[PDB]
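Student: what's the 3D shape of this:
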Amino acid sequence: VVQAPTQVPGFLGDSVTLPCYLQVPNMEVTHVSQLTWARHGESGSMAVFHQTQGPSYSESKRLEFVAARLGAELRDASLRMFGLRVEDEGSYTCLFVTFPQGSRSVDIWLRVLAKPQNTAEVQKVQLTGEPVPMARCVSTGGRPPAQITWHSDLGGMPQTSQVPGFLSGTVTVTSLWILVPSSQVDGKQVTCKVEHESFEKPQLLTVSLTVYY
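Tutor: Numbering: from 1, shown residues only. See the structure here:
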């Protein structure tokens, strides 16, 4: 009966793969187990895979399955999936067919998208006053957008706003940056902690500033 962990990322480029497969329980063991994966998704009717008499493809002659039949197994196919575009999910399901009734298996669809790379720096003068003294700190290109914290020591800004990126290769590209007012401490420091569902840990970025004159 049907298993496949199935909660998996999932970043463009890309391009990778997803396991739908089975335990033999075990004082039972059967045929025939002939594969399919659908959408549901516009499940009318199938970004289909079947292997059974061979491998069969929708207008994805390419992509490329794993778990070569060429006989028996008894089957358990995860698809190696490259690639490499915004289907994510997909809400997909691998399916088997057998005489242990077992005419089926289970939907599912999991971790799904890509990241940026960011920059950030300070500028420019101070005529009091006041704000953005500042930092172009940016989220640039990433799928899961971040958002950034500033714990500039002074931190003196309920004031650090946003930009709905407008998307690079189709995604965020947003900047966000603090509106500190006037004064001195040139020439000190600030923090940009960029958050995000990747690179295990919130990178962050920091600089002195710019007294004036």
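Student: beta partners for residue 97?
Tutor: Residue 97 has these beta-bridge partners by DSSP bridges: residue 103.
Student: what about it, how many neighbours?
Tutor: 18 (other C-beta atoms under 10 Å). C-beta: built from backbone N, CA, C; applies to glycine.
Student: ok, now residue 66?
Tutor: Residue 66, neighbours per other C-beta under 10 Å, totals 13.
Student: skipping its backbone neighbours, what lies nearest it in space?
Tutor: residue 80 (4.5 Å; C-beta to C-beta, 6 or more residues apart in numbering).
Student: how about residue 134?
Tutor: residue 177 (5.6 Å).
Student: which residues does the one you found contact?
Tutor: By C-beta atoms under 8 Å, 6 or more residues apart in numbering, the residues touching residue 177 are 120, 132, 134-138, 160-161.
Student: same deal with residue 185?
Tutor: Residue 185 neighbours (C-beta under 8 Å, 6+ apart): 154, 209, 211.
Student: any chance of those residues in a markdown table, with neighbour count, distance to residue 45 and secondary structure too?
Tutor: Output for the contacts of residue 185, formatted as a markdown table (neighbours: other C-beta atoms under 10 Å; distance: C-beta to C-beta, whole Å; DSSP: H, G, I helix; E, B strand; the rest coil):
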| residue | neighbour count | distance to residue 45 | secondary structure |
| --- | --- | --- | --- |
| 154 | 17 | 60 | coil |
| 209 | 22 | 60 | coil |
| 211 | 13 | 67 | coil |
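Student: okay, now the domains of this structure?
Tutor: The chain breaks down into these domains under curated CATH domains: 1-113, 114-213.
Student: what's the local residue count around residue 190?
Tutor: 25.
Student: let me fix that, I meant to ask about residue 141.
Tutor: Look at residue 141: counted by other C-beta under 10 Å, it has 19 neighbours.
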